[PDB]
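Novice: Encoded as C-alpha cells, here's the structure I'll be asking about.
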Amino acid sequence: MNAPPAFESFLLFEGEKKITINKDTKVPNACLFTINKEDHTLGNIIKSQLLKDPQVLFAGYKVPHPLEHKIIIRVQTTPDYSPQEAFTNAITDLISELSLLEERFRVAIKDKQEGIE
Amino acid sequence: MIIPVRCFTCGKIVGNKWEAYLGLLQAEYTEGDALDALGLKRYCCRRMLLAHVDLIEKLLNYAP
Amino acid sequence: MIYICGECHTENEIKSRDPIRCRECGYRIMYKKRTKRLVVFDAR
Amino acid sequence: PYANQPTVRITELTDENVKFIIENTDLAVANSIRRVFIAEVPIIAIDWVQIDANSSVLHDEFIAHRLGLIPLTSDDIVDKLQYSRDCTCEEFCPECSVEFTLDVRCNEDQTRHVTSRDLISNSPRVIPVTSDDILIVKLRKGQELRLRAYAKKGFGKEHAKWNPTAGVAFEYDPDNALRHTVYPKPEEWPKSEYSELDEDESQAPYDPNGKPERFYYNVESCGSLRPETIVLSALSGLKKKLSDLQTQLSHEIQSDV
Ligand SMILES: [Zn+2]
Ligand SMILES: [Zn+2]
Ligand SMILES: [Zn+2]
C-alpha cells in the first residue's frame, strides 16, 4: 500500500545498521558518516559541536529526502587528526553537557520546595 | 457535530469547556469576557469555541 | 436468521423463502441484525 | 574544543506550566531540546478498541478516535512499562498494558452525557484526568454503548496523541541586537515581554561580534505529566540517544580491522 506505518520512521529493521563509515577519496582526511533512522534533532546537535573544535576544517549535514529517514555527515580535519576521533570527541562533550544541565535543573525546582520568597 | 477534544494547532484540551461556554453566555457575560474567563487566550484556541456549530443536538430528535 | 422491523424494532426470525412482513405491526422494510464476530479498531 | 557550563533559572512554577531561562549555551542545543518536549517524551494512551454494542449516533470509528485523545495520568509508572513490541509476552499482558472498560445504557427519557467518568480501569495508577469531564457521546432513550480498550506506551513521532504538551513557547534576543530579523519600519512593532529597552526606543544598537544566549522557555502541559517532569524526562531521554549512538560507532571503528 502507498501509506507507510508510523513506526518505520524510528524503528530499525533487521538487516540495517545504524551507522556506516566511508572515506572520501577526493580530499585527504575526509570521511562521510551515514546515520540511519534519524532526523534533524540529532543531525544539528552534532554539527554545531564540531565547529567549536579548532582542528576541524569542514562539517555539515543533510537529509537527502524528507520522505525517507536517513542523514549524512561530512567531516574534514587537519593532517594530524582523525575524523573518527573528532566525531567521538564531540559526542562525549554533549553528554558531559546534558548531564550537567540536568543537575542544575533538578536543584532549581527543589530550590522552591516551599518557596524562596 | 460535537466539540473536538483538542485544539488542532496548540493541542490544548478544549472538549470539556463546551457546556460552560453556553452557561456563561446564558448568564449574559459578553462573549469576549466568557472566553477569557474560561481561560483560552491564543487566537487559535478561541476560534475553536467561537466558530463551533453543535449538530449533535439535532440528531437526538430521531427515535432510535 | 433474525431481522428487525423498520417501525416497531421488534426482532422476528424470518425463515428462508418466506414473505417479508413484521408481526404486531404489518410492515415491509426489514433490517438485518448486527453480526456477532468481533472486529478491533485503533484509536490511531 | 569542549562543552559549556549552562545555568538554569526558574521564574514561574504552577501545575500546568514552567517558565525558565537557559544562559550560556549554543542555539543548536537550545533548539534540540525544544523538539524533544514535543516528540520524544513517552506517555500512556489508548491504542486498541473493540466495540460490543454501539447503537448511538456516531459510528464505530468515530468513538474509537475520540477515546485515544483522552489524556491518562502517566506520572510515575511509565518507567516500569515495556514497549509492547519489546515485551516477551503475547499480544497483551499487565506488564505492557492497562485495560479499560465502558458500559452505559440510557433508560430515562432525559438525554444522557457519556463523560470520561465512565472509563473504568484495573490499575489505580493510570486514570483519566479526574481527581470537569470530557464528553464522548450523548445518548437517547433506548441506546447503549459498551467496549474494551488497552492503553500502550509511546511518544509523539508515532501519533499526535502521545505528546504530553500544549504549546511550547521559545524565543531569544528580544531586541534586534544581532539583526537576525530585519524590520522595514522598526517603529510599528510592539515591544517584547522580555525587553529591556526604553519606552521611546525600537531596537538595541547593532553589535557585530555577538552570539545568541539566554534563551527563554515556557512549557505548558495537557495533564498527564507534571510540567517539571516533562523537562527532566526530556534531558534524560536525549542523553540516552547519544549515549547509545556512541556504542554503535565505537563498535564500527573497532571492527574496521
Ligand atoms: Zn491552540
Ligand atoms: Zn413492525
Ligand atoms: Zn503484555
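By convention in this document, the chains of the C-alpha cells carry letters A, B, ... by their order, each chain's residues are numbered from 1, and ligands are numbered from 1 in the order they are shown.
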Could I get the residues of chain D with an atom no further than 12 Å from an atom of ligand 1, each paired with its nearest atom pair and that distance in Å to one decimal, using only C-alpha atoms and all ligand atoms, sorted by chain and residue number, as CSV?
Specialist:
```
residue,atom,partner,partner_atom_place_in_ligand_line,distance
D:165,CA,ligand 1,1 (Zn),11.2
D:166,CA,ligand 1,1 (Zn),7.6
D:167,CA,ligand 1,1 (Zn),7.1
D:168,CA,ligand 1,1 (Zn),10.8
D:220,CA,ligand 1,1 (Zn),11.5
D:222,CA,ligand 1,1 (Zn),11.5
```
Novice: With C-alpha atoms kept, could you save the residues just selected as a JSON list (two decimals), in the first residue's frame?
Specialist:
```
[["chain", "number", "residue", "atom", "x", "y", "z"],
["D", 165, "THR", "CA", 2.47, 19.21, 25.91],
["D", 166, "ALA", "CA", 0.29, 22.03, 24.67],
["D", 167, "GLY", "CA", 2.03, 24.98, 23.00],
["D", 168, "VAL", "CA", 5.73, 25.30, 23.82],
["D", 220, "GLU", "CA", 2.65, 24.01, 29.26],
["D", 222, "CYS", "CA", -2.00, 18.75, 28.87]]
```
Novice: Among chain A, which ones does DSSP assign to strand (DSSP E or B) (computed from the backbone)? Answer as a ChimeraX atom specification.
Specialist: /A:21-23,30-33,36,56-62,70,72-77
Novice: Set the cut-off to 12 Å, count only C-alpha atoms and all ligand atoms, and list whatever residues fall near ligand 3 as a ChimeraX atom specification.
Specialist: /D:81-99,150-153
Novice: Take the residues from that selection and put them in a file with C-alpha atoms, as a PDB file, in the first residue's frame.
Specialist:
```pdb
ATOM      1  CA  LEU D  81       6.217  -0.370  31.298  1.00  0.00           C
ATOM      2  CA  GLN D  82       7.864  -2.099  28.373  1.00  0.00           C
ATOM      3  CA  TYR D  83       7.121  -1.352  24.764  1.00  0.00           C
ATOM      4  CA  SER D  84       4.593  -3.922  23.603  1.00  0.00           C
ATOM      5  CA  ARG D  85       6.908  -4.773  20.703  1.00  0.00           C
ATOM      6  CA  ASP D  86       9.811  -5.490  23.071  1.00  0.00           C
ATOM      7  CA  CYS D  87       7.980  -7.390  25.817  1.00  0.00           C
ATOM      8  CA  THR D  88       8.302 -11.180  25.703  1.00  0.00           C
ATOM      9  CA  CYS D  89       4.595 -11.757  26.384  1.00  0.00           C
ATOM     10  CA  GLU D  90       1.742 -12.362  23.950  1.00  0.00           C
ATOM     11  CA  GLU D  91      -0.325  -9.564  22.383  1.00  0.00           C
ATOM     12  CA  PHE D  92      -1.097  -8.117  25.833  1.00  0.00           C
ATOM     13  CA  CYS D  93      -0.166  -8.548  29.484  1.00  0.00           C
ATOM     14  CA  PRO D  94      -0.262  -6.389  32.638  1.00  0.00           C
ATOM     15  CA  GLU D  95       3.453  -5.657  32.164  1.00  0.00           C
ATOM     16  CA  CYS D  96       2.953  -3.625  28.967  1.00  0.00           C
ATOM     17  CA  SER D  97      -0.694  -2.531  29.042  1.00  0.00           C
ATOM     18  CA  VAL D  98      -3.633  -1.231  31.072  1.00  0.00           C
ATOM     19  CA  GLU D  99      -7.182  -2.391  30.396  1.00  0.00           C
ATOM     20  CA  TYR D 150      -6.000  -1.248  26.166  1.00  0.00           C
ATOM     21  CA  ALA D 151      -3.549   1.619  26.694  1.00  0.00           C
ATOM     22  CA  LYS D 152       0.019   1.226  25.433  1.00  0.00           C
ATOM     23  CA  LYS D 153       3.138   3.408  25.726  1.00  0.00           C
TER      24      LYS D 153
END
```
Novice: May I have the residues within 9 Å of ligand 2, computed using only C-alpha atoms and all ligand atoms, as an MDAnalysis selection string?
Specialist: chainID C and resid 4:11 21:30
Novice: Write the residues you've just listed into a file as a tab-separated table (two decimals), in the first residue's frame, and include N, CA and C atoms for each of them.
Specialist:
```tsv
chain	number	residue	atom	x	y	z
C	4	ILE	N	-34.98	-7.17	12.04
C	4	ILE	CA	-35.51	-6.10	12.88
C	4	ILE	C	-36.47	-5.28	12.04
C	5	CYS	N	-37.69	-5.10	12.55
C	5	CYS	CA	-38.67	-4.29	11.84
C	5	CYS	C	-38.17	-2.86	11.69
C	6	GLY	N	-38.75	-2.15	10.74
C	6	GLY	CA	-38.31	-0.80	10.47
C	6	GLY	C	-39.12	0.25	11.20
C	7	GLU	N	-40.18	-0.18	11.88
C	7	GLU	CA	-41.05	0.74	12.60
C	7	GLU	C	-41.11	0.45	14.09
C	8	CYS	N	-41.37	-0.80	14.48
C	8	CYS	CA	-41.52	-1.15	15.88
C	8	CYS	C	-40.27	-1.77	16.49
C	9	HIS	N	-39.26	-2.10	15.68
C	9	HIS	CA	-37.97	-2.60	16.16
C	9	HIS	C	-38.13	-3.87	16.99
C	10	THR	N	-39.07	-4.72	16.59
C	10	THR	CA	-39.28	-5.99	17.25
C	10	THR	C	-38.67	-7.11	16.42
C	11	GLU	N	-37.64	-7.75	16.97
C	11	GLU	CA	-36.93	-8.80	16.27
C	11	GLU	C	-37.85	-9.97	16.00
C	21	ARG	N	-42.63	-9.68	6.18
C	21	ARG	CA	-43.54	-8.82	6.92
C	21	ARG	C	-43.25	-8.94	8.41
C	22	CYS	N	-43.50	-7.86	9.12
C	22	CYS	CA	-43.35	-7.84	10.56
C	22	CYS	C	-44.52	-8.58	11.20
C	23	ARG	N	-44.56	-8.57	12.52
C	23	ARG	CA	-45.70	-9.05	13.28
C	23	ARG	C	-46.00	-8.01	14.34
C	24	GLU	N	-47.28	-7.87	14.67
C	24	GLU	CA	-47.79	-6.82	15.55
C	24	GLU	C	-47.68	-5.44	14.91
C	25	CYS	N	-47.11	-5.35	13.71
C	25	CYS	CA	-47.01	-4.06	13.02
C	25	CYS	C	-47.37	-4.11	11.54
C	26	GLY	N	-47.25	-5.24	10.86
C	26	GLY	CA	-47.55	-5.30	9.44
C	26	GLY	C	-46.75	-4.30	8.63
C	27	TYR	N	-45.45	-4.54	8.49
C	27	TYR	CA	-44.57	-3.60	7.82
C	27	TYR	C	-43.65	-4.39	6.90
C	28	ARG	N	-43.11	-3.73	5.88
C	28	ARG	CA	-42.39	-4.44	4.82
C	28	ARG	C	-41.01	-3.86	4.56
C	29	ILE	N	-40.32	-3.39	5.59
C	29	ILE	CA	-38.93	-2.96	5.48
C	29	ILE	C	-38.19	-3.54	6.66
C	30	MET	N	-37.25	-4.44	6.39
C	30	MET	CA	-36.55	-5.17	7.42
C	30	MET	C	-35.06	-4.87	7.38
```
Novice: Give one line per residue of chain D that approaches chain A to at most 7 Å, naming the two atoms of the closest pair and their distance in Å to one decimal, counting only C-alpha atoms; sort by chain then ascending residue number and deliver it as CSV.
Specialist:
```
residue,atom,partner,partner_atom,distance
D:1,CA,A:53,CA,4.3
D:2,CA,A:93,CA,6.1
D:3,CA,A:93,CA,5.4
D:4,CA,A:97,CA,6.6
D:6,CA,A:101,CA,6.3
D:7,CA,A:104,CA,6.7
D:8,CA,A:105,CA,6.0
D:9,CA,A:108,CA,6.7
D:10,CA,A:108,CA,6.6
D:28,CA,A:45,CA,5.8
D:29,CA,A:45,CA,6.0
D:32,CA,A:41,CA,5.5
D:158,CA,A:6,CA,5.3
D:232,CA,A:102,CA,6.9
D:235,CA,A:98,CA,6.5
D:239,CA,A:95,CA,6.0
D:242,CA,A:91,CA,6.7
D:248,CA,A:19,CA,6.8
D:249,CA,A:19,CA,6.6
```
Novice: Using only C-alpha atoms, find which residues of chain D lie within 9 Å of chain B and jot them down as a list in words.
Specialist: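 Within 9 Å of chain B on chain D, we get residues 55, 56, 57, 66, 69, 70, 111, 132, 133, 134, 135, 136, 137, 138, 139, 140, 141, 142, 143, 160, 163, 165, 166, 167, 168, 220, 221, 222 and 223 of chain D.
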Novice: Hey, can you spit out that residue selection with N, CA and C atoms as a short mmCIF file (atom, residue, chain, number, x, y, z; two decimals), in the first residue's frame?
Specialist:
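Below you can see out-v4.cif, which holds the result:
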```
data_model
loop_
_atom_site.label_atom_id
_atom_site.label_comp_id
_atom_site.auth_asym_id
_atom_site.auth_seq_id
_atom_site.Cartn_x
_atom_site.Cartn_y
_atom_site.Cartn_z
N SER D 55 -25.19 1.54 19.53
CA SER D 55 -26.43 1.97 18.90
C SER D 55 -26.61 3.48 19.03
N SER D 56 -25.51 4.21 19.16
CA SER D 56 -25.55 5.65 19.30
C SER D 56 -25.64 6.30 17.92
N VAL D 57 -25.40 7.61 17.87
CA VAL D 57 -25.50 8.35 16.62
C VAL D 57 -24.19 8.32 15.85
N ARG D 66 -12.26 9.43 19.37
CA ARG D 66 -12.41 10.33 20.50
C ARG D 66 -11.93 9.72 21.80
N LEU D 69 -7.63 10.26 22.25
CA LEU D 69 -7.16 11.59 22.57
C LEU D 69 -7.49 12.02 23.99
N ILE D 70 -7.98 11.10 24.82
CA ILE D 70 -8.21 11.37 26.24
C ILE D 70 -6.89 11.18 26.97
N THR D 111 -31.99 13.13 28.16
CA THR D 111 -30.76 12.70 27.49
C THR D 111 -29.65 12.44 28.50
N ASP D 132 -13.36 19.52 34.68
CA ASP D 132 -14.67 18.90 34.53
C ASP D 132 -14.54 17.49 33.99
N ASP D 133 -15.31 17.16 32.95
CA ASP D 133 -15.31 15.82 32.37
C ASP D 133 -15.42 15.94 30.85
N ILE D 134 -14.53 15.26 30.14
CA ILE D 134 -14.52 15.30 28.68
C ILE D 134 -15.75 14.54 28.18
N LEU D 135 -16.43 15.11 27.19
CA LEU D 135 -17.62 14.48 26.64
C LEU D 135 -17.25 13.55 25.49
N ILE D 136 -17.86 12.38 25.46
CA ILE D 136 -17.58 11.36 24.45
C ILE D 136 -18.74 11.20 23.48
N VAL D 137 -19.97 11.12 24.00
CA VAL D 137 -21.15 10.98 23.16
C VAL D 137 -22.37 11.23 24.04
N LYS D 138 -23.48 11.61 23.41
CA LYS D 138 -24.76 11.73 24.08
C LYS D 138 -25.70 10.64 23.59
N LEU D 139 -26.54 10.13 24.49
CA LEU D 139 -27.42 9.02 24.18
C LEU D 139 -28.87 9.42 24.41
N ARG D 140 -29.75 8.76 23.68
CA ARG D 140 -31.19 8.95 23.74
C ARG D 140 -31.82 7.72 24.38
N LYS D 141 -33.06 7.86 24.84
CA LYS D 141 -33.74 6.75 25.50
C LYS D 141 -33.84 5.55 24.58
N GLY D 142 -33.16 4.47 24.93
CA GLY D 142 -33.14 3.27 24.14
C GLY D 142 -31.84 2.97 23.41
N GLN D 143 -30.76 3.68 23.72
CA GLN D 143 -29.48 3.48 23.08
C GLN D 143 -28.45 3.09 24.13
N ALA D 160 0.08 11.96 17.21
CA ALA D 160 -0.02 13.19 17.98
C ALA D 160 -0.88 13.05 19.21
N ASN D 163 1.80 13.06 22.54
CA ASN D 163 2.72 14.07 23.03
C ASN D 163 2.15 14.74 24.26
N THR D 165 2.40 17.77 25.72
CA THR D 165 2.47 19.21 25.91
C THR D 165 1.51 19.93 24.97
N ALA D 166 0.94 21.02 25.48
CA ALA D 166 0.29 22.03 24.67
C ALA D 166 1.38 22.91 24.07
N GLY D 167 1.04 24.10 23.59
CA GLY D 167 2.03 24.98 23.00
C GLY D 167 3.29 25.18 23.82
N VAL D 168 4.44 25.12 23.16
CA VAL D 168 5.73 25.30 23.82
C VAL D 168 6.36 26.57 23.27
N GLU D 220 3.91 24.38 28.63
CA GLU D 220 2.65 24.01 29.26
C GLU D 220 2.49 22.49 29.25
N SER D 221 1.38 22.03 29.82
CA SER D 221 1.14 20.60 29.90
C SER D 221 -0.34 20.32 29.69
N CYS D 222 -0.63 19.15 29.14
CA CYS D 222 -2.00 18.75 28.87
C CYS D 222 -2.67 18.11 30.07
N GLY D 223 -1.91 17.51 30.97
CA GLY D 223 -2.48 16.96 32.18
C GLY D 223 -1.92 15.61 32.58
#
```
Novice: What's the separation between CA of residue 110 in chain A and CA of residue 228 in chain D, in Å to one decimal place?
Specialist: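 One can read the CA of residue 110 in chain A to CA of residue 228 in chain D distance as 10.6 Å.
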Novice: When you count only C-alpha atoms, which of these residues is closest to residue 15 in chain D: D:178, D:225, D:238, D:27?
Specialist: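 Closest to residue 15 in chain D, using only C-alpha atoms: D:225.
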Novice: Show me, as a PyMOL selection string, the residues of chain D whose atoms get within 9 Å of chain C, using only C-alpha atoms for the distance check.
Specialist: chain D and resi 46-53+60-61+63-69+159+161
Novice: With N, CA and C atoms kept, could you save the residues just selected as a short mmCIF file (atom, residue, chain, number, x, y, z; two decimals), in the first residue's frame?
Specialist:
```
data_model
loop_
_atom_site.label_atom_id
_atom_site.label_comp_id
_atom_site.auth_asym_id
_atom_site.auth_seq_id
_atom_site.Cartn_x
_atom_site.Cartn_y
_atom_site.Cartn_z
N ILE D 46 -4.60 5.32 24.84
CA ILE D 46 -5.36 4.17 24.36
C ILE D 46 -4.98 3.88 22.91
N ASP D 47 -4.80 2.60 22.58
CA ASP D 47 -4.40 2.25 21.23
C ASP D 47 -5.05 0.96 20.72
N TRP D 48 -6.10 0.47 21.36
CA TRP D 48 -6.73 -0.77 20.91
C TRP D 48 -8.15 -0.78 21.45
N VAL D 49 -9.14 -0.65 20.57
CA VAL D 49 -10.54 -0.56 20.97
C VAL D 49 -11.31 -1.67 20.28
N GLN D 50 -12.28 -2.24 20.99
CA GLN D 50 -13.14 -3.29 20.45
C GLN D 50 -14.55 -3.03 20.98
N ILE D 51 -15.51 -2.88 20.08
CA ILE D 51 -16.85 -2.44 20.43
C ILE D 51 -17.80 -3.63 20.38
N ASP D 52 -18.57 -3.82 21.45
CA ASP D 52 -19.51 -4.92 21.52
C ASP D 52 -20.91 -4.53 21.06
N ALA D 53 -21.36 -3.33 21.41
CA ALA D 53 -22.71 -2.89 21.06
C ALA D 53 -22.71 -1.37 21.01
N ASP D 60 -18.76 3.59 14.58
CA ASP D 60 -17.82 2.92 15.47
C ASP D 60 -16.45 3.57 15.45
N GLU D 61 -15.99 4.00 14.28
CA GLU D 61 -14.66 4.59 14.17
C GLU D 61 -14.63 6.04 14.61
N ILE D 63 -16.07 6.89 17.64
CA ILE D 63 -15.88 6.76 19.08
C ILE D 63 -14.51 6.19 19.38
N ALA D 64 -14.01 5.28 18.55
CA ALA D 64 -12.67 4.76 18.73
C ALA D 64 -11.61 5.83 18.57
N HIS D 65 -11.96 6.99 18.02
CA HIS D 65 -11.00 8.06 17.79
C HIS D 65 -11.07 9.11 18.89
N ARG D 66 -12.26 9.43 19.37
CA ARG D 66 -12.41 10.33 20.50
C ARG D 66 -11.93 9.72 21.80
N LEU D 67 -11.64 8.43 21.83
CA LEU D 67 -11.10 7.80 23.03
C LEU D 67 -9.60 7.93 23.13
N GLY D 68 -8.88 7.76 22.02
CA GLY D 68 -7.44 7.84 22.06
C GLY D 68 -6.89 9.18 22.48
N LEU D 69 -7.63 10.26 22.25
CA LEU D 69 -7.16 11.59 22.57
C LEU D 69 -7.49 12.02 23.99
N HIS D 159 2.20 9.13 16.86
CA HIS D 159 0.91 9.76 16.67
C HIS D 159 0.82 10.94 17.61
N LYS D 161 -1.30 11.84 19.55
CA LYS D 161 -1.99 11.61 20.81
C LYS D 161 -1.03 11.25 21.93
#
```
Novice: Hey, can you check how far CA of residue 42 in chain D sits from CA of residue 244 in chain D?
Specialist: 17.5 Å
Novice: Enter the distance from CA of residue 3 in chain A to CA of residue 61 in chain A, in Å, rounded to one decimal.
Specialist: 27.9 Å
Novice: Write out as a compact mmCIF listing (two decimals) with N, CA, C and O atoms, in the first residue's frame each polymer residue whose atoms come within 9 Å of residue 24 in chain D, counting only C-alpha atoms; drop sequence neighbours fewer than 2 positions from it.
Specialist:
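What follows is the written file selection-v2.txt:
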```txt
# COMPACT_ATOMS: atom_id res chain seq x y z
N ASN D 4 30.12 23.50 27.32
CA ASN D 4 29.86 24.75 28.03
C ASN D 4 29.34 24.43 29.42
O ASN D 4 29.12 23.27 29.77
N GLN D 5 29.15 25.48 30.21
CA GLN D 5 28.55 25.37 31.53
C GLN D 5 27.24 26.15 31.56
O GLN D 5 27.21 27.30 32.01
N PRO D 6 26.15 25.57 31.08
CA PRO D 6 24.87 26.27 31.11
C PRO D 6 24.33 26.39 32.53
O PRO D 6 24.63 25.57 33.40
N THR D 7 23.54 27.43 32.75
CA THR D 7 22.96 27.71 34.05
C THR D 7 21.47 27.96 33.88
O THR D 7 21.07 28.77 33.04
N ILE D 22 17.70 29.58 30.13
CA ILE D 22 18.94 28.81 30.00
C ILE D 22 19.99 29.74 29.43
O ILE D 22 19.94 30.12 28.26
N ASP D 26 24.58 27.06 23.36
CA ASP D 26 24.52 27.31 21.92
C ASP D 26 23.10 27.17 21.42
O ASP D 26 22.27 26.49 22.01
N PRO D 212 23.96 34.39 20.05
CA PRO D 212 22.72 34.21 20.81
C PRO D 212 22.92 33.44 22.11
O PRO D 212 23.49 32.35 22.12
N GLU D 213 22.46 34.02 23.22
CA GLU D 213 22.49 33.39 24.53
C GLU D 213 21.21 33.75 25.26
O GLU D 213 20.41 34.55 24.79
N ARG D 214 21.02 33.14 26.43
CA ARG D 214 19.89 33.44 27.30
C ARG D 214 18.56 33.20 26.59
O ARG D 214 17.82 34.12 26.27
N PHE D 215 18.30 31.93 26.32
CA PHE D 215 17.04 31.51 25.72
C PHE D 215 15.94 31.44 26.77
O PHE D 215 16.18 31.10 27.92
```
Novice: Smallest atom-to-atom distance to residue 46 in chain B: which of B:23, B:29, B:58, B:8, using only C-alpha atoms?
Specialist: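 Ranked by minimum distance to residue 46 in chain B, first place goes to B:8.
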